[PDB]
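Since the structure comes first, as structure tokens, the remarks are kept for the end.
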Amino acid sequence: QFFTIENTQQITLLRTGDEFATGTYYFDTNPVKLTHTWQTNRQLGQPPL
Amino acid sequence: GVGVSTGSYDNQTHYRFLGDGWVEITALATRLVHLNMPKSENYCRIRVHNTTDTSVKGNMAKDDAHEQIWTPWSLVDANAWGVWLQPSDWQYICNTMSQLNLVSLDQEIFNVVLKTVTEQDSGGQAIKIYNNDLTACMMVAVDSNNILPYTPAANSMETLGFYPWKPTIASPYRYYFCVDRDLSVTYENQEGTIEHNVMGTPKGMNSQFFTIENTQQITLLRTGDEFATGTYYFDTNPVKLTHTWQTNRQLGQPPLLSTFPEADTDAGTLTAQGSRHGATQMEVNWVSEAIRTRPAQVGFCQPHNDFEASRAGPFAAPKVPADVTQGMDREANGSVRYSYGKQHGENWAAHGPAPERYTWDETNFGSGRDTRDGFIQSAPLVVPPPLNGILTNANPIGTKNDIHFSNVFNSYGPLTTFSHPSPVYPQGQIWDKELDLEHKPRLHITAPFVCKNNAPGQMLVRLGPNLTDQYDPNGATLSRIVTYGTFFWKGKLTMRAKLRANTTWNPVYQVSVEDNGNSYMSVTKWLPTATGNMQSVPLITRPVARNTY
DNA sequence: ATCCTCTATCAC
DNA sequence: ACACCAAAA
DNA sequence: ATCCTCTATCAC
DNA sequence: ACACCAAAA
DNA sequence: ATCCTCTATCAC
DNA sequence: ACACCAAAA
DNA sequence: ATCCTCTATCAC
DNA sequence: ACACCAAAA
Ligand SMILES: [Ca+2]
Ligand SMILES: [Ca+2]
Ligand SMILES: [Ca+2]
Ligand SMILES: [Ca+2]
Ligand SMILES: [Ca+2]
């Protein structure tokens with residue numbers, strides 16, 4: 001599999017006065033909790049009486 | 001303002017029938033609860049170390065090391081089949097339905113009774129006088145948002161009476177706290193010492209201390225008051241009410257017959273394994289039910305007594321229940337052993353503290369595993385394997401005589417498909433909360449129904465501190481008027497089922513009872529004695545044959 | 001707040 | 001007092 | 001008068 | 001039973 | 001005249 | 001192709 | 001001026 | 001942010 005930037009994309013030329021800008025990508029992702037846990041199989045629920 | 005009941009007794013069960021054979025079952029539970037003053041007036045962070053047992057060399061699998069927080073509050077768990085349905089009903093549902101699912105729960109408290117006792121008659125002997133205080137109050141609260149940790153009572157056979165005409169009481173609220181316990185490995189006598197059997201202190205990063213009072217809205221209940229729940233809606237997956245059988249060996253196209261039996265005795269034959277059509281993923285130039293290709297893997301091999309351990313200490317790994325198989329390999333296919341007691345079974349006239357126990361063998365056949373016959377051949381498959389060309393349940397691993405590949409082999413994988421366990425009638429747990437782990441478990445062996453969203457807030461109760469004329473805050477430890485109480489609890493559980501369809505020919509297994517015998521199913525078991533004693537024995541859920549392919 | 005073994009004289 | 005028992009109470 | 005650790009199935 | 005957990009329940 | 005074991009993709 | 005299996009397909 | 005290997009978040 | 005991948009985004 002051999003690709004080439006030139007045969008795959010639209011290249012834009014930039015001289016000194018030019019400028020380039022991206023679209024606006026939207027992330028479709030799952031959030032990340034910001035808390036650690038502790039409980040292990042030994043501490044799950046009803047502590048003995 | 002008092003002298004008038006605030007609720008109504010009703011422990012009925014209604015079967016509402018709708019079209020296409022759907023059914024709306026409605027569970028009615030009413031129960032009389034008793035309650036006395038919580039000994040600790042406060043919250044206690046208590047510890048538990050059983051050095052008396054941890055010290056032995058072989059002993060570890062008996063470790064009870066942990067540190068709980070004792071709250072002066074008491075829980076009111078009804079999460080146990082045995083509390084809602086009547087023996088017979090469970091029969092009915094199981095003998096008639098095809099699936100069951102949780103719908104909604106509704107709780108209610110009322111007819112509060114608060115009394116104080118005064119031990120008098122010091123001028124004669126030693127009597128006790130009973131009388132109720134009106135102003136006195138009770139306290140209720142519901143952790144609807146579930147800030148507090150979950151504490152299922154069936155997790156200890158401490159739920160409520162399964163017998164309506166007999167009262168009951170509440171399990172006290174207690175929850176785990178963070179420690180970091182550690183224990184070393186040893187066997188029968190070995191040599192050396194237990195290198196270190198430590199406990200530990202609270203860690204800043206994981207210390208979590210809650211308080212009913214700073215988390216919930218507590219409602220005061222005097223005699224004429226009454227309390228009532230919202231109406232929780234279950235968002236859960238239904239449970240089939242049929243066992244299966246088919247195993248990898250019976251999936252689809254049975255081989256073609258070439259020889260036809262002559263009499264009801266002799267059998268028939270197939271075609272030459274060498275000269276037989278089909279497919280396999282072994283190099284051999286033949287074919288056999290054993291090596292033929294199947295859709296996927298039914299059931300799988302689980303590691304035996306996989307005590308693993310973390311900062312908490314050691315513990316046995318849980319494992320998906322399955323049929324025990326002829327091999328009678330219980331601990332091998334996770335059957336479960338319950339130890340219930342007189343409010344949850346037991347006979348009643350059984351003497352001594354000795355709890356009654358029952359082991360449940362799962363009915364999802366074709367999913368079980370017989371350790372004995374399980375074996376791994378080698379490379380390039382060979383008709384009859386050499387010796388050093390096949391590892392069996394005889395050959396020992398890591399130099400231990402009885403430890404074989406089974407106890408460490410894990411068959412699980414993509415093609416590994418199985419069946420969800422079944423519920424156990426009395427004693428069994430109904431629903432359960434889900435672990436707040438970004439990556440969940442395909443199910444809990446703990447219970448049948450797992451809430452997809454939030455879950456039923458736990459209902460907490462506690463009596464109110466009835467003070468005396470004497471009180472000093474800075475005062476060491478002090479007096480409070482003796483007091484205890486009662487109240488009725490009423491629950492509403494709605495379920496949905498559908499009637500099974502009859503399509504076989506040959507009748508089918510039904511749960512039934514039997515005349516006065518030595519049979520497991522003997523009426524008498526679910527009957528009163530001359531003094532009125534009775535037990536509740538677990539019953540078969542999924543008496544009827546399913547199909548899986 | 002009674003109707004033929006539920007809810008439900010529910011079958012009006 | 002329907003409301004009568006197995007349907008159309 | 002229960003909804004995922006508050007109020008607040010508040011997000012309807 | 002919305003109300004499915006992180007947004008627009 | 002194919003829809004998850006009936007009739008009944010009946011649940012449209 | 002609704003019609004995603006246990007409800008409101 | 002970003003949408004799953006084109007043009008083309010073209011499939012809106 | 002549709003526009004969640006193979007259709008009818
Ligand atoms: Ca909340
Ligand atoms: Ca009635
Ligand atoms: Ca609330
Ligand atoms: Ca048909
Ligand atoms: Ca583009």
* Applying the selection to region B:5-22, what residues are within 16 Å of DNA strand F (Cβ to nearest atom) and either of a type in the set (A, V, I, L, M, F, W, C) or touching a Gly at 6+ places or on another chain (Cβ under 7 Å) (or both)? -> B:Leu18, B:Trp22
* **Any pair with Cβ under 6 angstrom, 6 or more apart, that starts in region B:297-321 at a residue that is away from chain A (no Cβ under 11 Å) and ends at one that is polar (S, T, N, Q) and in a loop (DSSP other than H, G, I, E, B)** => B:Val298/B:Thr247; B:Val298/B:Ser367; B:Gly299/B:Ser367; B:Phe300/B:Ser411; B:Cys301/B:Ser411; B:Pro303/B:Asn410; B:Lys319/B:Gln302
* Residue check for B:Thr229: within 16 Å of DNA strand F (Cβ to nearest atom), away from chain A (no Cβ under 14 Å) and farther than 30 Å from B:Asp361 by Cβ -> yes
* Asked: When region B:148-165 is examined, which residues are found to be in a loop (DSSP other than H, G, I, E, B), facing chain A (nearest Cβ under 8 Å) and not hydroxyl-bearing (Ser, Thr, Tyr)?
  -> B:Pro149, B:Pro152, B:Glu158
* Any chance region B:167-185 includes a residue that's away from chain A (no Cβ under 14 Å), over 30 Å from B:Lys490 (Cβ atoms), in a loop (DSSP other than H, G, I, E, B) and out of contact with any strand residue (DSSP E or B) (no Cβ under 8 Å at 6 or more places or on another chain)? -> yes
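Okay, residues lined up against (1) touching a residue at least 24 places away in the same chain (Cβ under 8 Å); (2) of a type in the set (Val, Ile, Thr); (3) within 16 Å of DNA strand G (Cβ to nearest atom); (4) in contact with a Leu (Cβ under 6 Å, 6 or more places away or on another chain):
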residue	(1), (2), (3), (4)
B:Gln190	yes, no, no, no
B:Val198	no, yes, no, no
B:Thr201	no, yes, no, no
B:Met205	no, no, no, no
B:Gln208	yes, no, no, no
B:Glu213	no, no, no, no
B:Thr231	yes, yes, no, no
B:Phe234	yes, no, no, yes
* State whether the residues of region B:96-105 include one that is over 23 Å from B:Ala29 (Cα atoms), away from DNA strand F (no atom under 16 Å from the Cβ), away from chain A (no Cβ under 14 Å) and of a type in the set (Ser, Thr, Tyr). => yes
* Of residues in region B:426-443 being in a loop (DSSP other than H, G, I, E, B) and farther than 26 Å from A:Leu34 by Cβ, the one nearest to DNA strand I (Cβ to nearest atom) -> B:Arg442
* Asked: Of the conditions (1) more than 26 Å from B:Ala497 (Cα to Cα); (2) away from DNA strand C (no atom under 13 Å from the Cβ), B:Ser8 fails just one. Which one is it?
  -> (2)
* Structure fact -> Of the conditions (1) within 30 Å of B:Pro441 (Cβ to Cβ); (2) touching a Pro at 6+ places or on another chain (Cβ under 9 Å); (3) surrounded by 14 or more Cβ atoms within 10 Å (Cβ to Cβ), the single one that B:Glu308 does not satisfy is (3)
* Hey, could you check region B:498-531 for residues that are within 16 Å of DNA strand C (Cβ to nearest atom) and part of a loop (DSSP other than H, G, I, E, B) and say which is nearest to B:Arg357 (Cα to Cα)? => B:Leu527
* Quick one: in region B:192-209, which of the residues that are away from chain A (no Cβ under 14 Å) and surrounded by 15 or more Cβ atoms within 10 Å (Cβ to Cβ) is farthest from B:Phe177 (Cα to Cα)? -> B:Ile194
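Let's see how each residue does on (1) more than 15 Å from DNA strand E (Cβ to nearest atom); (2) closer than 25 Å to B:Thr229 by Cα:
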| position | (1), (2) |
| --- | --- |
| B:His444 | yes, no |
| B:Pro448 | yes, yes |
| B:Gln458 | no, yes |
| B:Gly464 | yes, yes |
| B:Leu467 | yes, no |
| B:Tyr471 | yes, no |
| B:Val482 | yes, no |
| B:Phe488 | yes, yes |
* Asked: Just checking, how many residues over region B:24-75 are aliphatic (A, V, I, L, M), within 14 Å of chain A (Cβ to nearest Cβ) and surrounded by 16 or more Cβ atoms within 10 Å (Cβ to Cβ)?
  -> 4
* To do: Would you mention how many residues in region B:236-273 are surrounded by fewer than 11 Cβ atoms within 10 Å (Cβ to Cβ) and in contact (Cβ under 8 Å) with a residue 40 or more places away in the chain?
  => 1
* Confirm whether B:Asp89 is surrounded by 21 or more Cβ atoms within 10 Å (Cβ to Cβ) and closer than 30 Å to B:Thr236 by Cα. => no
* Asked: Which residues, counting only those in region B:186-207, are out of contact with any strand residue (DSSP E or B) (no Cβ under 9 Å at 6 or more places or on another chain) and more than 21 Å from B:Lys57 (Cα to Cα)?
  -> B:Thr201, B:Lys203, B:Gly204, B:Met205, B:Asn206, B:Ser207
* Specify the residue that is surrounded by the most Cβ atoms within 10 Å (Cβ to Cβ); the eligible residues are those in region B:285-303 that are in contact with a strand residue (DSSP E or B) (Cβ under 8 Å, 6 or more places away or on another chain) and closer than 20 Å to B:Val382 by Cβ. => B:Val287
* Return yes when B:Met534 is surrounded by 13 or more Cβ atoms within 10 Å (Cβ to Cβ), hydrophobic (A, V, I, L, M, F, W, C) and assigned to a loop (DSSP other than H, G, I, E, B) and no when it is not. => yes
* Would you check if there is a residue in region B:455-465 being β-branched (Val, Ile, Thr), under 29 Å from B:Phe210 (Cβ atoms) and within 14 Å of chain A (Cβ to nearest Cβ)? => no
* Which numbered condition B:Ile25 misses (of (1) within 16 Å of DNA strand E (Cβ to nearest atom); (2) farther than 19 Å from B:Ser171 by Cα) -> (1)
* Asked: So which residues in region B:186-218 are assigned to a loop (DSSP other than H, G, I, E, B), touching a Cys at 6+ places or on another chain (Cβ under 8 Å) and within 14 Å of DNA strand E (Cβ to nearest atom)?
  -> B:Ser207, B:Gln208
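Taken together, the values in this text are just the output of simple stated rules run on the coordinates, not laboratory data. Here the Cβ is made from the backbone with ideal geometry for all residues, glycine too, and neighbour counts use every protein chain on show.
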